[PDB]
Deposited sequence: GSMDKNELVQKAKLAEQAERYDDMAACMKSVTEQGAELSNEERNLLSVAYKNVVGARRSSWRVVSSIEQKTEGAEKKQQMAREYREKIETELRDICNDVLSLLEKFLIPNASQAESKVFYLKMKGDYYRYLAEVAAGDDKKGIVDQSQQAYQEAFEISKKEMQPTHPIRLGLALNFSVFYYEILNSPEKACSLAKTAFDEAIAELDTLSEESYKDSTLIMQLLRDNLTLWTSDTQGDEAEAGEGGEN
């Protein structure tokens, strides 16, 4: 009762317009912690703000982690420490989202498409946490992703037409998880095609229209260059 859950959703949309996602993500973190279930709008604002915020760090991470090896001491330590600064900055974002998901979002979502949407995210952020992840704890975070993705794939693979964008995306990100993360170029295309061919069958159905095709394109673009 200590605050206004609505003004926050507004501040979150006013921050988006001003293109200040760090601000936008913060306003949405506050909204999620209110307890109420996220409406489709609020749910996007959240997914949007955080993917935009972690996005910048993952991108900067690769950039700096690359020039680190190429210039692979004083000239490399300069780049090494900077990638570790970003890495933890990135690890923080993931942990806020991941907590927001397992503690509020996921356990509190009726719509199966929400349970697969939030769960897709869980699979996603654990994966970003796996990318920059190094050492032993690695294999462990790589597993948290696989399971979260699988727990979602099976839900959609029993709740959504193969033409539905969310399920397509789930298949898309999942397949990428197998290729890049779990070094399994086999299983990689396995679900890629499957979810793609299955999507083509009812392709003559699809509003969903655009996004559905956009993804299948990526789904296919992946298959091609894989």
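- Residues of the deposited sequence that lack C-alpha coordinates fall in the stretches 73-74, 209-210, 231-247.
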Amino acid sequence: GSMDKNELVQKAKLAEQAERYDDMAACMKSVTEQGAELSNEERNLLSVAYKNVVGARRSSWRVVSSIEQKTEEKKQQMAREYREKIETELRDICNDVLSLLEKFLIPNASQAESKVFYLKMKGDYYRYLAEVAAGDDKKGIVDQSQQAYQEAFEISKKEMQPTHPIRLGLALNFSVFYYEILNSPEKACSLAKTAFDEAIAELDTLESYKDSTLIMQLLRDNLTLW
From here on, numbers count along this sequence of modelled residues.
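- With 157-165 and 41-49 compared on mean CA B-factor from the PDB entry, the stretch scoring higher is 157-165.
- Per-stretch averaging of Cα B factors for 213-221 and 11-19 places 213-221 on top.
- Of the candidates 96, 102, 137, 124, the one whose C-alpha carries the top B factor in the deposited record is 137.
- Sort the modelled residues of the chain by CA B factor and residue 131 lands in the middle third.
- When the CA B factors of the chain's modelled residues are split into thirds, the value for residue 76 lands in the highest one.
- For residue 54, the recorded CA B-factor ranks within the lowest third of the chain. Only modelled residues enter the ranking.
- Among all modelled residues in its chain, residue 112 ranks in the highest third by Cα B-factor.
- Sort the chain's modelled residues by C-alpha temperature factor and residue 61 lands in the lowest third, per the entry.
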